[PDB]
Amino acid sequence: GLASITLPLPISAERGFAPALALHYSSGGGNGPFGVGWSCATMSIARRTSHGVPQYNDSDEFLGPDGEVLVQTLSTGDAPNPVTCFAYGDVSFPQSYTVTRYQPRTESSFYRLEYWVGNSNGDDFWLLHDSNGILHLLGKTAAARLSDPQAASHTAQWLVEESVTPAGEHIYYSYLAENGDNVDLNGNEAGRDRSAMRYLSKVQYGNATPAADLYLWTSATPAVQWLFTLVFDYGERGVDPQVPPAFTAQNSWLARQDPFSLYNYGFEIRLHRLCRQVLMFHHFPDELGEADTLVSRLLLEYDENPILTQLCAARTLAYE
């Protein structure tokens, strides 16, 4: 489409169901976690802003996985919309859910998209059954939701949090909330609520044993053995090409020179972080003698300045 450069990520994809993510450059792109022009975002459902800031009520419109304008599926006698759901498959829930099907207003699609709202606590998320038979939970937990810091029920973006194939293969996405680590909280940074932003942190896949049900139906964090972890690091592990980065971060993430805030959702979303590297980890402790094995390191070099940060170089290192 509008992307004119693709930088692949070092994703191990020989064992079937793996994330398909890459860095894309667009000359018209704005700033973000990869500086000006570059982007690598996961799938999401979002509230529309083109026709005004959402009010977080009934009058809001939503956008589908490809940005298409959505509309509630017309409710009929044979297929009422919304429905009340007490369970999904073999998993029964502590609370029932009002489930509303949404579909593209004018664009073509072949999926089933649903908005789930808890009848007892109001916790809301999205469920997508896409044209390839993969089932996605988006924004199942608050950690995978871009929400108003002063009103957690006001979510602007539900980020994809878990995907499952018909064969029981899973992908689990983890996100980190923005904070004030290494930020001088005086002057221009005083009184700013900076916890809204969500950065992609870990993509875990290759579950040891197949499971048909989405893990996030049952728990807030899946307790399973993953074989593969794609880590997006924002400086916590160190950017020295001579020193290999450890799996668990010992330091806090770096603060960028060009922080900025976004406001079209009706609350502040401030960005202090830049993704410095993308790491590929394998988890074969029995056959390798260690819990975490780094196999590939995509190191990104930036031109950092207070006006704009621009990616200038990239390369994939190995430490054998």
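Heads up: residue numbers just count along the shown sequence, starting at 1.
Student: Look up the CA B-factors in the entry and say which stretch, 194-202 or 90-98, has the higher mean.
Tutor: Higher mean C-alpha B-factor in the PDB entry: 90-98.
Student: Compare the mean C-alpha B-factor of 129-137 with that of 241-249 as given in the PDB entry, and name the stretch with the higher value.
Tutor: Result of the comparison: 241-249.
Student: Per the entry, which of 35, 285, 64, 259 tops the list for Cα B factor?
Tutor: By C-alpha B-factor in the record, 285 ranks first.
Student: Looking at 226, 116, 215, 175, which one carries the largest C-alpha B-factor according to the PDB entry?
Tutor: So the option with the highest C-alpha B-factor is 226.
Student: Considering every modelled residue of the chain and its Cα B-factor in the PDB entry, is residue 13 in the lowest, middle or highest third?
Tutor: Highest third of the chain for residue 13's C-alpha B-factor.
Student: Could you say whether, by C-alpha temperature factor, residue 51 belongs to the lowest, middle or highest third of its chain?
Tutor: It belongs to the highest third of the chain when residues are ordered by C-alpha B-factor.
Student: Which third, lowest, middle or highest, does the C-alpha temperature factor of residue 294 belong to within its own chain?
Tutor: As the PDB entry reports it, the C-alpha B-factor of residue 294 lands in the highest third of its chain.
Student: Within this chain, which third does the Cα B-factor at residue 264 fall in: lowest, middle or highest?
Tutor: Lowest third, going by the recorded CA B-factors of the chain.
Student: Comparing residue 159 with the other modelled residues of its chain, is its CA B-factor in the lowest, middle or highest third?
Tutor: Bottom third by C-alpha B-factor.
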